[PDB]
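Asker: what's the 3D shape of this:
(chains A and B, ligands or ions: 6)
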2 protein chains.
Amino acid sequence: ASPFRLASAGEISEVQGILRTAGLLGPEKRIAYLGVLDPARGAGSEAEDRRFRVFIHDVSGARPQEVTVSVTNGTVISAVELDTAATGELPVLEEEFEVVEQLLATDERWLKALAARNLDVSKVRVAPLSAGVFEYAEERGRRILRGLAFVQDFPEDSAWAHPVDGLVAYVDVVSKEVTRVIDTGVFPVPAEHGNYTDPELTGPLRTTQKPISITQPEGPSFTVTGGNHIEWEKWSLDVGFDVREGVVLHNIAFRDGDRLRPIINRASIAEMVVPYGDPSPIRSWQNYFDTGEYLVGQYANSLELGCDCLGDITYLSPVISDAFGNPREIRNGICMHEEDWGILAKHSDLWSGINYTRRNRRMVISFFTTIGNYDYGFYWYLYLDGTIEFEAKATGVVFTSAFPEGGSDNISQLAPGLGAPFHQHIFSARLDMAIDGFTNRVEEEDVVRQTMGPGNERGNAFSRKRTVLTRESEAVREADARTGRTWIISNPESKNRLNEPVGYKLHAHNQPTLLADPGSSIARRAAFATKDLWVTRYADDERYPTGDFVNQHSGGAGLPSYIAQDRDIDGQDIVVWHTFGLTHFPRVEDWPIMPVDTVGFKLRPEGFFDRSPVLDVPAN
Amino acid sequence: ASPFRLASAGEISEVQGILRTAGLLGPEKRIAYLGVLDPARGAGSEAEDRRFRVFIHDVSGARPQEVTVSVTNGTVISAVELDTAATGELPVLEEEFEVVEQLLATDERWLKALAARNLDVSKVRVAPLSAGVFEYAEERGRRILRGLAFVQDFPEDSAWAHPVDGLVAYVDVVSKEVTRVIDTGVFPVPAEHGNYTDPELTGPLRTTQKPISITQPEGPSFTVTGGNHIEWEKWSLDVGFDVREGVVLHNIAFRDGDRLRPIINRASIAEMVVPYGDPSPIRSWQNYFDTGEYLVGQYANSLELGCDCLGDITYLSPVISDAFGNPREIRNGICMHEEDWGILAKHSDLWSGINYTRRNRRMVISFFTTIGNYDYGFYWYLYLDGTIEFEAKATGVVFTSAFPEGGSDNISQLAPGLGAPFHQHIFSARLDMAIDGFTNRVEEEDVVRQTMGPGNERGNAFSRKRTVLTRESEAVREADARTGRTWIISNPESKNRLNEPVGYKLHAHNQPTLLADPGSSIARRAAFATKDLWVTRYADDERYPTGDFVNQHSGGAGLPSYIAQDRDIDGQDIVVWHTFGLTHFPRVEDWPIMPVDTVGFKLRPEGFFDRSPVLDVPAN
Ligand code: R9A
Ligand code: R9A
Ligand SMILES: [Cu+2]
Ligand SMILES: [Cu+2]
Ligand code: NA
Ligand code: NA
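Answerer: Residues are numbered from 1 along each chain as shown, chains lettered A, B, ... in the order given. Ligands and ions are numbered 1, 2, ... in the order given. Sharing the structure here:
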């Protein structure tokens, strides 16, 4: 009966039914996004109203609509026609992916370009890539994808080994017209294959790995009820799933004695962007908002046992809508398991004679998605000691180009003639905080060095300072690793036994933020990515740091517009938005398939508890 | 037959025998340090000469000696009398620990101080703490320990809950005299117990944790030969152990096809210091060089199976000397196991139809040591993909004080009246590099932002720059997290298939370095801790960043003196010294026993290999 339960197949077909009955889902309509809305604040008292939000595209060229449906009541709550030139195009549709290659294959300009390179059109794959917003005035209000070409020598060949540089095309996927074909000159198409299952390249497979077996003879220590409610080692939460954000955690709380204490109301990765740093006009427009433009949840992998997820795994199989409003299950799309995490606490005391050791564990909730060449794992971790962590695991195949004769300041060489343009992968975690409830505030904490002198005659003292962020105008913050900067979210009305406000401290990795010039299109479209930490006052319509419609949408929406309201955040219902990412200068070791690299953040209790919360963990 | 084999009990008793025969180890002599020396450069050609270095203390007050013995040849190579006022006192002896409490228990000043606080002397434990170098001229050339008092209410009580603030004593442990007793005034001795095995404090232990079983039905994938030579998944190394440094890795190399390629010649934690940031005269002298002053290897725990180390564990049991030169085994003092490390690489390709997933693993080599209240785990990790990592796990019981009425800028409150002074734990990793051999150099790599303009019209380009550190005077470097600063160690004479020098990139955590005023005693004694990265030219006598004798030793030795030589490091046999640490403002959650916190660093291949080194890893 939980209002935070996953969407069921039945609910999706019912949204379809309601939209049809209302005249909003005829044969020319396509669902570009569909997801359940979270309950309103204070809704617990009233009965359930399961509401769904839908973006409806029209293949005949009519204006799309944003629609909210009550599936409980069988009604349309609201429907509004969108002006996409103003507020943004709808997310890329799965069905549009094939269209770029298909249209290009009979375009005379494209064919001339392929013929100049002696490339068989039947062997040329075209990546359907988001277009962004640049200088092409004809694209405003049109659904455009840009195409970069890669040669596939045979059906099982990795096309990424054979980029066709110097060539890019722009296509209108609604009118089905090729708008531009740009050919800046021929580059050699790299010839070596990148087939990482071919014995010629791998050599003989290792026979040296002996089995590791991880089992739980009594089953897992967590329970799942109501489909998605998890209880594990004092933690309580609901695991949601949304086609845009992927796995979303709701109602993260910790049972401290007899009281269920909220910590985070909602945690998600609300955006991720991959800006490229190659100034070639073939790629200088490239910025993939995997979450906002493509919808990472839609491409979640079905995860195989003993392969993607090892141990005693409990799976969830979230349901999403296809383009027509029919439910589609992502079988085994979410993994849940607990795992050992080494030593938790240890002391061998000389005076008491007591030797004490306890083991740590973490609950893991994850999914893996594939967006073209990229594959990303999204992992949430809950630890015995109250720590909450996120980790992103980046792998897949690097996006390639030619490697220029004479080298490049913006591209690395992977193989003979084969380049990998420099890029970043930058995430935004949206943390709707509820430290002991909704009345929260954020302080920035810096280490403070002290001068040798009176009060500090030996020059050993050091301290720290905390600055409360009182209003949104003061809440756009940068990292300072040198001063050990962190941010504490506390509840000023909830004190621990030592009369101090309870809190959690956010520890960032302090990786570089968005590198692009601040006057670039990407600095405006991904403004969030220019600063490490933002704090807003909660509002129901402030969901994504880039706004609701990212595809081909200029600046104007998202975090910079939210904070202009300059609202009170000092003891209020607030949301922390943390930017973190990887800056990738690809190495030869990343080719032909990339070993995982990671980035993330964590939050640790900071006077939240009255003493260690793991004193009751048993030995051995 | 390996010259890198662990010291045997037989070798230690033979050093004892040689020293005795030579007249250097009579009844008043005590061994304060004993360890095997590494083979000289180019020694492989010649037959083994196992040499041991020994620091010999004299309990009658005679000058100590530094002695080198050839155990192979049964000879004393060299013996030199030390002037400790100049070059430093010998490491603290285990036998001196009890002496501080014992002497103080019949000192009238100490007894007066305890009586003023109504404390039974039989219940007062005294910590034997390193003294450092301050303003007390009488201490120069004398072996001093300082004592801080903690009340133990009964034999099994945790004394750390009951610090006796406002009181400190200084003791000469050779002449066995109390030099000073300082009483700045009474503070309340905190009364709450910190007994983390007492059911009153823990409450009922959890019954919710179900077993996790980790087994290897065919045994481990690594082999051990010659006692300490490890071969695992293309890696090759020797696991050494030294009473000062603890676990030391030698000859880390990777088998790439048919060639065994060196990476690191020697890896160790060559120092660790814990500076305290409380300006109270009771603690303002407190800086524990756990490695240099106490010898972390000497206090390595015997690690219990399924408790400290989980899985299919192979143990080593290193042998050290006691104070008289008799061998003592640390049973199960080193853990070795491999463990699963999630996904290694993954891609689901739309064009080829090939779905590919591979699992990662790491080899773990660790030990755990206890120094008073502190317990530290030292972990070395080798990954399938060529990554090398170190991690330190800090736990134990926090060092306590009174919490002042009216608060403190330098102490946090843990419990009523109970304080925890702010401090850091700072490590120095000494990495004697051998990237494809000994001809190495280091570059500092920064991300480079680019301005929108000609050549970069869209303002998206970014790049990087590398600066070769050519001489030691230019090789003292600081972190810059904002610019993504790393350091690459390469071999300029060994190129990969793309004609680029092979390399490894060091990724630091960029935590704060030493906070103390640069004119303090600790900034001089722990000068290494003020900068993130140092590079020296290799020399056999440059072992520790603080020199050979740290105890009561001023500046004058260590890294600052080594780099003054301004030697060539551009394509030479070099050593990287990386400073990294934790800055600890204790939280209520750290009490009464601290959950593990971590810090470390890693090195990843950077064009070392000609493509991914894990293409030959099998499925499932
Ligand atoms: C942003 N960037 C840089 C980017 C760069 C490049 C691309 C891009 O776009 C985003 C892509 C989203 C993630 C990536 C796409 C998201 C998933 C959508 C999906 C699918 C898609 C595309 C396919 C395909 C598929 N299949 Ru498949 N197959 C073949 C050829 C092309 N298939 C589909 C339709 C018709 C025929 C087939 C077919 C025929 C024989 C063998 C395999 N297939 N298929 C069918 C049945 C069972 C299993 C499969 C299967 C299994 C693995 C791979 C392909 N197919 C399943 C699901 C973005
Ligand atoms: C730098 N800082 C901040 C610092 C702060 C505070 C202290 C300090 O100093 C560094 C300490 C080094 C690590 C810390 C010290 C390094 C280890 C040296 C060791 C031992 C040491 C001190 C003991 C003791 C010991 N024992 Ru234990 N015992 C009792 C009382 C005090 N013992 C030793 C001698 C005589 C009698 C006993 C005895 C009697 C009954 C029960 C237990 N003991 N002992 C004996 C046999 C078997 C097992 C034990 C045993 C097991 C656990 C704890 C104690 N004993 C074993 C090893 C440094
Ligand atoms: Cu990347
Ligand atoms: Cu600490
Ligand atoms: Na909130
Ligand atoms: Na070297």
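
Asker: off-centre distance for stretch A:160-169?
Answerer: 27 Å (CA atoms, centre = their mean, to the nearest Å).

Asker: that one and ligand 1, any residue contact?
Answerer: No: applying CB under 6 Å from any ligand atom, one finds stretch A:160-169 separated from ligand 1 by no less than 9.1 Å. Where you see a C-beta, it was placed from the backbone N, CA and C, and this is true even at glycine.

Asker: buried set for that stretch?
Answerer: Across stretch A:160-169, burial judged by 16 or more other CB atoms under 10 Å in any protein chain shown covers A:160, A:161, A:162, A:163, A:164, A:165, A:166, A:167, A:168, A:169.

Asker: excluding chain neighbours, give the residue nearest to the second one in space.
Answerer: Translated: residue A:161. Nearest residue to residue A:161, sequence neighbours excluded (CB to CB, 6 or more residues apart in numbering or on different chains): residue A:194, at 3.4 Å.

Asker: thinking again about what came up before, could you identify the most distant pair in the buried residues of stretch A:160-169?
Answerer: Distance extremes for the buried residues of stretch A:160-169: the farthest pair is A:161 and A:169 at 20.8 Å, using CB to CB.

Asker: strands of the stretch 51-200 of chain A, start to end?
Answerer: Using DSSP state E, counting those that start in this stretch, the strands of the stretch 51-200 of chain A run over A:51-58, A:65-70, A:75-81, A:124-130, A:144-151, A:163-172, A:177-183.

Asker: returning to that earlier point: looking at the buried residues of stretch A:160-169, which is nearest ligand 2?
Answerer: Within the buried residues of stretch A:160-169, proximity to ligand 2 (CB to the nearest ligand atom) peaks at residue A:160, which comes in at 55.5 Å.

Asker: just checking, that closest one touches residue A:398?
Answerer: Yes: at 7.4 Å, residue A:160 counts as touching residue A:398 under the criterion of CB atoms under 8 Å.

Asker: quickly list what's touching both of those two.
Answerer: residue A:373 (CB atoms under 8 Å, 6 or more residues apart in numbering or on different chains).

Asker: of all the strands of the stretch 51-200 of chain A, which lies closest to ligand 6?
Answerer: Checking those against ligand 6 by CB to the ion gives strand A:163-172 as the closest, at 39.4 Å.

Asker: now the angle between strand A:177-183 and that closest one, please.
Answerer: 150 degrees (axes from the mean of the first three to the mean of the last three CA atoms, to 10 degrees).

Asker: after the lengthiest helix in chain A, which helix or strand is next?
Answerer: If you go by DSSP state H, chain A has its longest helix at helix A:9-21. The first helix or strand that comes after helix A:9-21 along the chain, using DSSP states H and E, is strand A:29-36.

Asker: quick one: that next one to strand A:51-58, angle?
Answerer: Using the same axes, to 10 degrees: strand A:29-36 against strand A:51-58 is 160 degrees.

Asker: what does strand A:29-36 contact?
Answerer: A:7, A:11-12, A:15, A:19, A:25, A:50-59, A:64, A:90-91, A:93, A:95, A:240, A:242-244, A:295, A:320-325.

Asker: buried subset of these?
Answerer: A:7, A:11-12, A:15, A:19, A:25, A:50-58, A:64, A:90-91, A:93, A:240, A:242-244, A:295, A:320-323, A:325.

Asker: hey, what's residue A:337 bridged with?
Answerer: residue A:364 (DSSP bridges).

Asker: for it, give me its contacts.
Answerer: With CB under 8 Å, 6+ apart, residue A:337 has these contacts: A:220, A:309, A:311, A:312, A:313, A:314, A:363, A:364.

Asker: so the last one makes contact with residue A:340?
Answerer: Read it as residue A:364. No: using CB under 8 Å, residue A:364 makes no contact with residue A:340, being 11.3 Å away.

Asker: which one of these two is surrounded by more residues?
Answerer: Neighbours per residue, other CB atoms under 10 Å in any protein chain shown: of residue A:364 and residue A:340, the larger number sits with residue A:364, 21 against 16.

Asker: could you measure from the more buried one over to residue B:599?
Answerer: Distance from residue A:364 to residue B:599, counting by CB to CB, to the nearest Å: 23 Å.

Asker: go on, residue A:549?
Answerer: 43 Å.

Asker: neighbour-wise, which of these two wins?
Answerer: The residue with more neighbours, out of residue A:549 and residue B:599, is residue A:549; 24 against 18, by other CB under 10 Å.

Asker: can I get the longest helix of chain A as CSV, trimmed to CA atoms?
Answerer: Provided in CSV are the C-alpha atoms of helix A:9-21 (Å, rounded to 0.1, in the frame of the first residue of the first chain):
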residue,chain,number,x,y,z
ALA,A,9,2.6,-2.8,-15.5
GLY,A,10,-1.1,-2.3,-14.7
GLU,A,11,-0.6,1.4,-13.8
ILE,A,12,1.3,2.1,-17.0
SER,A,13,-1.4,0.5,-19.2
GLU,A,14,-4.0,2.5,-17.2
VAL,A,15,-2.2,5.8,-17.9
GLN,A,16,-2.3,4.7,-21.6
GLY,A,17,-6.0,4.0,-21.2
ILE,A,18,-6.7,7.4,-19.6
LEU,A,19,-4.8,9.3,-22.2
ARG,A,20,-6.5,7.4,-25.0
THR,A,21,-9.9,8.0,-23.5
